[PDB]
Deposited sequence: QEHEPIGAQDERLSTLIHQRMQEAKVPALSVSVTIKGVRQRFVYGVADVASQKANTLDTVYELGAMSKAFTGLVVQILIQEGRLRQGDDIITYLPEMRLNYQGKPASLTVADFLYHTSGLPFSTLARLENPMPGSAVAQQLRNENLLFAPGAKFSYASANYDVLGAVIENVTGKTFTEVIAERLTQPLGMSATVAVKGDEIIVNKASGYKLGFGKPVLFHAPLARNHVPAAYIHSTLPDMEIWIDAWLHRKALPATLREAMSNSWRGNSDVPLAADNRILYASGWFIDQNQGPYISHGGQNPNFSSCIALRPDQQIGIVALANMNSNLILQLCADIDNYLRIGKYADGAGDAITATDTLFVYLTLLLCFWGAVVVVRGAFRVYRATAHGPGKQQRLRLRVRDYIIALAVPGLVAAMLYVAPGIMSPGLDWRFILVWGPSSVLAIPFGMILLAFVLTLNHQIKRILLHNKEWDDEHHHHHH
């Protein structure tokens, strides 16, 4: 009775999938009760394990709507106030502004008005077994007064995870399960505790030399509330369906939802962007309301978009980081709205991969110019010690160069988020520097 799914929808999704080169991609579209599912590709490439509805994905920053709804549930029960100071729950977290400890509220983390620098993502995403969030951020220097500006920082929702635990006295996992996944019936959603083996989880990939490459990304327990809630497409359908049909929902959960979609208007807006952030969702009233959020991980990415007044919900899930997946929801919504859609935008990882492939061939053409000029002059101890300084000196500068241009970012961070080809640039430079040393020393020796 429901009829066939839309064939022009399938073309768009396929095309975006082939452009992005993600191995697996799952998409689901609700329009007033009728869903359309699009499940393509492979969750694991080497074993050829198929993308099925049981495949489990990391939700990326779409984790934050879970964390924030829980903050709203605890507020609705009266175990928390939006305006509570964070020090009441995280007594050891001193965060500074202009040298003085600052007053940061719970709202300041909900709405990314905290001033936490971008580098806090490097700190919170590296595993630290016996280390609490408050110690990891202790004595960070904020970028502005709290509440003065919107500035997205993923670590803002790891502070909130830690507040949930102090308030309930329970682990994040238990609070998520007991307050959200059990009562909504999302029987395959979970907040993980680390990288214990999750059956059905897709393998994650990252672009490198033009092909997807298997990448085992870190999964730090303290970072779960901002990045690493795991789920499946049927479950995200139930999640969508809940936000759209809050009638048969208990009154606490319904009220917490209503307050979870209340954007923070007390910030400056740009000339081209008056969109508001709520409790882990962007709120846009233009051709709206249009509630969306994207997920971006080192080896996963995803998006979600809701248009409540027309009962539309879009979610897409993929086991690779691609801007074409962060935009796919806007594409699908353009199609559902006016029957047309833009050409795929670019992708930052893919452009960077190409840049390195060129640079690496450039560094290889240079090695040939040195060795072709070398077998020319060749066919016609203190040397070995001096020539190891040129590569070892460039390799030393390359080592500390990240920490100087951007204080707080290290090579670990670069490797985690960049193309797999990113290591060829230093080593190619190291190899080119070693050979260039031997040439200009053996040319004075003639």
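Could you name the stretches of the deposited sequence that have no C-alpha atoms in this structure?
-> Unmodelled stretches, in sequence order: 1-4, 385-399, 466-480.
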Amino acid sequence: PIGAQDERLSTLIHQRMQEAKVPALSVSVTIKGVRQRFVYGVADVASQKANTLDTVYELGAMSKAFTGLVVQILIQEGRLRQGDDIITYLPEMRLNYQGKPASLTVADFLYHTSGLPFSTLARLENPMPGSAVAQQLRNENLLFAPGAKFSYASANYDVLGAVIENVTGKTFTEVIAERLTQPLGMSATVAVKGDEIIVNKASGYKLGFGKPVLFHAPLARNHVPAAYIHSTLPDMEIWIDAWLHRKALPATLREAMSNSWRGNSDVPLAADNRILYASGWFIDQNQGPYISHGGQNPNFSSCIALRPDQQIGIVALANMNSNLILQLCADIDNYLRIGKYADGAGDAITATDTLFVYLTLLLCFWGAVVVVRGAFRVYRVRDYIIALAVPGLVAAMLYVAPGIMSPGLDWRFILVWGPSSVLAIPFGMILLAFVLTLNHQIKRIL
From here on, numbers count along this sequence of modelled residues.
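Mean temperature factor over C-alpha atoms, higher-scoring stretch between 187-195 and 275-283 | Averaged over C-alpha atoms, the B-factors run higher in 187-195.
Looking at the entry, does 249-257 or 236-244 show the higher mean C-alpha B-factor?
-> For C-alpha atoms only, the mean B-factor is higher in 249-257.
Could you say which of 157, 300, 376, 335 has its CA atom at the highest B factor, as listed in the PDB entry?
-> Top of the list by C-alpha B-factor: 376.
In the PDB entry, which of 148, 164, 355, 317 has its C-alpha at the highest B-factor?
-> That would be 355, according to the entry.
Can you tell me which third, lowest, middle or highest, the CA B-factor of residue 58 falls into for its chain?
-> As the PDB entry reports it, the C-alpha B-factor of residue 58 lands in the lowest third of its chain.
What third of the chain, by the recorded C-alpha B-factor, contains residue 212?
-> Middle third, going by the recorded CA B-factors of the chain.
Third of the chain's Cα B-factor distribution that residue 331 belongs to, per the entry | Bottom third by C-alpha B-factor.
Third of the chain's Cα B-factor distribution that residue 346 belongs to, per the entry = Its C-alpha B-factor belongs to the highest third of this chain's values.
With respect to C-alpha B-factor, does residue 223 fall in the lowest, middle or highest third of the chain as deposited?
-> Middle third, going by the recorded CA B-factors of the chain.
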